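Peer 1: Curious how this folds, go ahead:
(chains A and B, ligands or ions: 7)
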Amino acid sequence: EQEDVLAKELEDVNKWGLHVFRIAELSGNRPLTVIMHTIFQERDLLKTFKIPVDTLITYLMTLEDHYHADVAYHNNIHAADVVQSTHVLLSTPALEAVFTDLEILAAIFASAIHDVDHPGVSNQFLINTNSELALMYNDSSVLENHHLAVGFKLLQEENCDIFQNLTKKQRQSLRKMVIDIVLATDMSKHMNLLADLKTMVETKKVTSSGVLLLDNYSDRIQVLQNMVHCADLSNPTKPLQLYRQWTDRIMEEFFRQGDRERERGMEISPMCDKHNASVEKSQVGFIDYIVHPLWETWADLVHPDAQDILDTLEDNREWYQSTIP
Amino acid sequence: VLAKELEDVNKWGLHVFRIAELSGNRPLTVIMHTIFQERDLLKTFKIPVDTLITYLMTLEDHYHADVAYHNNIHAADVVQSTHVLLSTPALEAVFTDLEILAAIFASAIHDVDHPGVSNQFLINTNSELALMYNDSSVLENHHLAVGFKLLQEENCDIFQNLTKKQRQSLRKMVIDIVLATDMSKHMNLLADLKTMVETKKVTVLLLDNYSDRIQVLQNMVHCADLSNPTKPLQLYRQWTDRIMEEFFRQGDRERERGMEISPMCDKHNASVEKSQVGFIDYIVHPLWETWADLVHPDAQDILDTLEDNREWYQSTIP
Ligand SMILES: COc1cc2c(cc1OC)[C@H](CCc1c[nH]c3cc(C)ccc13)N(C=O)CC2
Ligand SMILES: COc1cc2c(cc1OC)[C@H](CCc1c[nH]c3cc(C)ccc13)N(C=O)CC2
Ligand SMILES: [Mg+2]
Ligand SMILES: [Mg+2]
Ligand SMILES: [Mg+2]
Ligand SMILES: [Zn+2]
Ligand SMILES: [Zn+2]
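Peer 2: Residues are numbered from 1 along each chain as shown, chains lettered A, B, ... in the order given. Ligands and ions are numbered 1, 2, ... in the order given. Let me share the structure:
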């Protein structure tokens, strides 16, 4: 019976606002596995790339295991949400037939691994505390390099190489695209990434069929980079009952980092002091300075495919603002 | 004795192989020690001389003695070459004492724990290093990580009496410098050096913002990394012998694995002399001529020796 209800909920996999928390509960805290498996079936990726079903499940379960269940936001539910949001963004009409199967596989795989083994603290916290991760990665995209290294390493575990039947050229291309995509999820690259997306929007070319014209790697990877970045920053664009749960979880994570910064005599990071935080004003500023500028630009790139998502974002911003006065 | 040769530490063409032999295979230590005294670094930064020695020894130990080129003698050579370039007249005290310390420390660690194979080899063999570093400046990220981690060994933190902000600043400059020694970044680096030359301002060089000053320091250590063909011929020839030995050993590993043999790495199909002339024509002379322009004309004798050495190598080709 519980499997039947889960199957009903997975019928929403192509919809923005999938009940991802319900799916995590109904799947036994396996949202990343079941949503990834569902999307691979939906896009015929097992047949296209000759991925053994048992190998796919084994990798997904291992990958999902390496997300921290004790981190409130950057956990396997977040990963599953970014995977499913990227899957929906890949289906946008303005991009129909634009990307190859290998690029679709790269974008979805990158989304699945993009936060694996996240410890629930920021890059700056890891740098400032002289963590082994920051020492390993020379303070440069510390978390994001780590997510990549773990996500690829787990392919080497027993019956986990889901890319075993790709050609060597296919594997090499996929690996580079996945690295390029996950490194672009570093928030310290957001401004430069949005600047380039804006440049592409103002110089955008479309084909005779009306889809976006991307005729070189730089343009192609930049669209996939911004797509996964939008998916990563998609919480305020979702139905409010989903958005508010994400806000609760990120604030829990922030406050826990602030508690450790406080116990260390460090200056507390912005939005991380539970004694002097405004959750509502922080969301309004997050939308106003980061999320709406990004999604407004994405919406321009794929116009008018994303108008409903942009409208939800604007409604939710009005709602969070309305709770301030 | 060893003290005799060390007095040339301020001279281009120091006898680093003799120093390496006379010092019991500790050229990096004794040359780093000597350079710190020459610049007054142990007192400028309150470095306990024993802590300096303990770190430098541990660092030297992490260079591989069985790697023919990228070993502790190479590290010593780049340290001393950078040291000399820091005293270019056109750069009179242009860098702060921390920027000086960062360039020298970066030089000393810039190849530590080098396995004697290229980044591309590590990528194509699915090495643990390339998996860790996502195929991006694999060696250079590792050199930095090792160089910094060794500061955490007992009595090895030579920066213990730097302030918190001095450490953070030094760390960033060292990382920026060592990452720029990746040879895949050479062309972008040269373009920035050229731009700086075409827009140079002078009284002596006037570099106002960090971005220009880190670029000079990056191209400086890059020059010191690529200085072998600008040294006296007797030193240059020993460097050529060592790099070709390391290249051929990589090409043998590529052959025993049946992978494609890297350029200049096929011992059954390599012209050592033509490779050197091509190396100078396409890489070393463009870089050192651009640098010579920047410090016009304080690099004249270095550019002269390079052109002398290129002529000699060309004359060995029938
Ligand atoms: C649901 O809500 C959130 C979700 C997320 C964040 C913040 C949220 O809410 C404040 C932060 C963003 C941090 C951040 C980086 N630069 C910024 C600049 C500004 C102005 C504000 C925030 C940031 N994340 C951290 O992993 C991503 C997910
Ligand atoms: C003494 O001589 C050498 C010393 C060194 C090298 C090559 C030497 O001699 C052929 C190579 C340079 C790699 C390289 C990158 N692009 C190139 C293009 C050309 C044309 C040649 C070489 C290179 N190194 C390897 O770590 C640095 C030291
Ligand atoms: Mg992340
Ligand atoms: Mg190197
Ligand atoms: Mg100034
Ligand atoms: Zn994320
Ligand atoms: Zn070197």
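Peer 1: Next, work out how far apart whatever residue of the stretch 101-250 of chain A ends up closest to ligand 4 and residue A:246 are.
Peer 2: Nearest to ligand 4 in the stretch 101-250 of chain A, going by Cβ to the ion, is residue A:138, at a distance of 14.4 Å. Heads up, the C-betas are built off the backbone N, CA and C, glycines and all. As judged by Cβ to Cβ, to the nearest Å, residue A:138 and residue A:246 stand 31 Å apart.
Peer 1: So those two - more neighbours on which side?
Peer 2: Under the criterion of other Cβ atoms under 10 Å in any protein chain shown, the comparison of residue A:138 against residue A:246 puts residue A:138 first, with 27 against 21.
Peer 1: backbone phi and psi for the more buried one, please?
Peer 2: Main-chain torsions, residue A:138, degrees, to the nearest 10: phi 50, psi 40.
Peer 1: before we move on, what about residue A:235?
Peer 2: The phi/psi pair for residue A:235 (degrees, to the nearest 10) is phi -60, psi -40.
Peer 1: what sits against the residue nearest to it when sequence neighbours are not counted?
Peer 2: Closest residue to residue A:235 apart from its sequence neighbours, by Cβ to Cβ, 6 or more residues apart in numbering or on different chains: residue A:246 at 3.9 Å. By Cβ atoms under 8 Å, 6 or more residues apart in numbering or on different chains, residue A:246 lies in contact with A:73, A:235, A:238.
Peer 1: follow-up on the earlier one: what sits against the residue of the stretch 101-250 of chain A closest to ligand 4?
Peer 2: Per Cβ under 8 Å, 6+ apart, neighbours of residue A:138: B:141, B:144-145, B:148, B:175, B:179.
Peer 1: Farthest pair within the residues you listed?
Peer 2: Farthest-apart pair in the contacts of residue A:138 is B:148 and B:179; separation 13.0 Å (Cβ to Cβ).
Peer 1: any residue of the biggest helix by length in chain A up close to ligand 1?
Peer 2: Counting residues, the longest helix found in chain A (DSSP state H) is helix A:240-263. Yes: Helix A:240-263 comes into contact with ligand 1 (Cβ under 6 Å from any ligand atom), by way of A:246-247, A:250.
Peer 1: List just the nearest of those to ligand 7.
Peer 2: Of all these, ligand 7 sits closest to residue A:250, with 43.7 Å by Cβ to the ion.
Peer 1: okay, now that closest one: neighbour count?
Peer 2: 20.
Peer 1: now do residue A:102
Peer 2: Counted by other Cβ under 10 Å, the residues lying close to residue A:102 total 18.
Peer 1: can you give me the helices in the stretch 101-250 of chain A?
Peer 2: A:101-113, A:123-128, A:132-137, A:142-153, A:168-183, A:190-202, A:217-232, A:240-263 (DSSP state H, counting those that start in this stretch).
Peer 1: Report all helices and strands that the first one contacts.
Peer 2: Packing partners of helix A:101-113 (3 or more Cβ pairs under 8 Å, 6 or more residues apart in numbering or on different chains; DSSP states H and E): helix A:31-42, helix A:45-48, helix A:53-65, helix A:76-90, helix A:142-153, helix A:168-183, helix A:217-232.
Peer 1: I'd like to know which of those helices is closest to ligand 6.
Peer 2: That would be helix A:217-232 among these, by Cβ to the ion, at 4.4 Å.
Peer 1: hey, C-alpha coordinates of the closest one in PDB?
Peer 2: C-alpha atoms of helix A:217-232 as PDB (Å, rounded to 0.1, in the frame of the first residue of the first chain):
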ATOM      1  CA  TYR A 217      30.700  24.300 -25.800                       C
ATOM      2  CA  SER A 218      31.100  27.500 -23.900                       C
ATOM      3  CA  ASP A 219      27.400  28.600 -24.600                       C
ATOM      4  CA  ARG A 220      26.100  25.100 -24.000                       C
ATOM      5  CA  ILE A 221      27.900  24.500 -20.700                       C
ATOM      6  CA  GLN A 222      27.000  28.000 -19.500                       C
ATOM      7  CA  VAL A 223      23.300  27.200 -20.000                       C
ATOM      8  CA  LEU A 224      23.600  23.900 -18.100                       C
ATOM      9  CA  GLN A 225      25.600  25.700 -15.400                       C
ATOM     10  CA  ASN A 226      22.900  28.300 -14.900                       C
ATOM     11  CA  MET A 227      20.200  25.700 -15.100                       C
ATOM     12  CA  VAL A 228      21.500  23.600 -12.300                       C
ATOM     13  CA  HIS A 229      22.300  26.900 -10.400                       C
ATOM     14  CA  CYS A 230      18.700  28.000 -10.800                       C
ATOM     15  CA  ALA A 231      17.600  24.500  -9.600                       C
ATOM     16  CA  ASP A 232      19.900  24.900  -6.600                       C
END
